[PDB]
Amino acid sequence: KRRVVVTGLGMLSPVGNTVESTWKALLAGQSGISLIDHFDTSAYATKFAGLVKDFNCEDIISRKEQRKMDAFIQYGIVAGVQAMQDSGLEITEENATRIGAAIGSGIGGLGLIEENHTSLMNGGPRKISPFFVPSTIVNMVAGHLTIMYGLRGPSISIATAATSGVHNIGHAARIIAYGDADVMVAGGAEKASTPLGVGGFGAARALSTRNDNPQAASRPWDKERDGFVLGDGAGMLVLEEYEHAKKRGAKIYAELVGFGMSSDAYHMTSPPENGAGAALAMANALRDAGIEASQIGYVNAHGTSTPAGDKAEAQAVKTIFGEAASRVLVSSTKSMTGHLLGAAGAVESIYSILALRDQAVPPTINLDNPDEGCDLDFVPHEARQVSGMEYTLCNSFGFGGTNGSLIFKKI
């Protein structure tokens, strides 16, 4: 009967390049959304995104080695070290075999995909870099990190669009509990603010277009939302078995108590008005954690700020809490952070964790006027202290109707 605890964090976000700086900015209702400079956004309908500011990996990645990896991989490795360091774990020949990784990404190396295709179109297969495949494939963060640290235990990479982070974190926990691993670095990495990332989700009409105020673009549940905002970043947490952590007196941020998955079985890029999918996922985590919706102090919504998106998640909240629907805090970090896709669920697992450490729940900024019949506490504009909140739940939903929820318990 093994328990999984969190003994390390690390992250890179549009509002900070450390876990602490990122948390501080989120609690301080800071936006990270900005105008895109790295490419001509003239032809683009959306000209902004939550970018990672002044990213530097020189200390961690040999620029000779950087040539072999998309930014998403770069982002992920940097956030992985952060967490490896913050864990204090020392991998030993006796260890390696029982320390693994579960780290994916929604879209992968778009950047380098684009470079290599441009290259091919211009000068043929000759120009296609020898590093094309290993520099853009989704499981590369797992591979670089496992190597860098001599990790030899289980290594997997779940690519479930926006649900990725939650899935990897959840499946890492499962791996540990099952007995396959003792420690697992898990999370996601994404850097889809590229012509194909921006143009592509804009072609789907899924992006915000509020270019006169990029800062106000992300407004989950607000009556004025017009689609999500793109965000780059990486979120990683070190998960480990209770006794293995204790026996080494690791700093322990929390306990991963429940994990729930569901499927919408409705539409490829959209949820039932019903919110049936999200409920089942929340529903299953609760049954996994073995607690009740009443005990959930804060819900880090999937809330991407898309019209149908936000409404459906709300439906699921009511449905799941019913009574305590109005008494529960629910917010979207996406109001400041943007949508980190493959990394969203990872960075939000961290927020959901830090909210328990600090007994503070970050705001859903930009929430001027809510949707009508909403009875919920969307924790609008300004952060909000909480008292005896012992469990926080994290939601992440993805294209394909693949949903997932994680439950974190204090201590």
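Numbering starts at 1 and follows the sequence shown.
*Asks:* Look up the CA B-factors in the entry and say which stretch, 101-109 or 283-291, has the higher mean.
*Replies:* Higher mean C-alpha B-factor in the PDB entry: 283-291.
*Asks:* Test of understanding: from the entry's C-alpha B-factors, which stretch has the higher mean, 298-306 or 323-331?
*Replies:* For C-alpha atoms only, the mean B-factor is higher in 323-331.
*Asks:* Among the candidates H171, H117, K191, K247, give the one with the maximum CA B-factor reported in the record.
*Replies:* Checking the PDB record, the top C-alpha B-factor among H171, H117, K191, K247 is at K247.
*Asks:* Among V347, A49, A28, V379, which residue carries the highest C-alpha B-factor recorded in the PDB entry?
*Replies:* Highest CA B-factor of the listed options: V379.
*Asks:* Looking at the temperature factor on the CA atom of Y178, which third of the chain's modelled residues does it land in?
*Replies:* It belongs to the highest third of the chain when residues are ordered by C-alpha B-factor.
*Asks:* For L406, return the chain-relative third of its C-alpha B-factor as stated in the PDB record: lowest, middle or highest.
*Replies:* Its C-alpha B-factor, which the entry lists for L406, ranks in the lowest third among residues of this chain.
*Asks:* Going by what the PDB entry lists, where does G388 fall on CA B-factor within its chain: lowest, middle or highest third?
*Replies:* Highest third.
*Asks:* What third of the chain, by the recorded C-alpha B-factor, contains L256?
*Replies:* As the PDB entry reports it, the C-alpha B-factor of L256 lands in the middle third of its chain.
*Asks:* Classify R219 as lowest, middle or highest third according to the C-alpha B-factor given in the PDB entry, relative to its own chain.
*Replies:* Middle third, going by the recorded CA B-factors of the chain.
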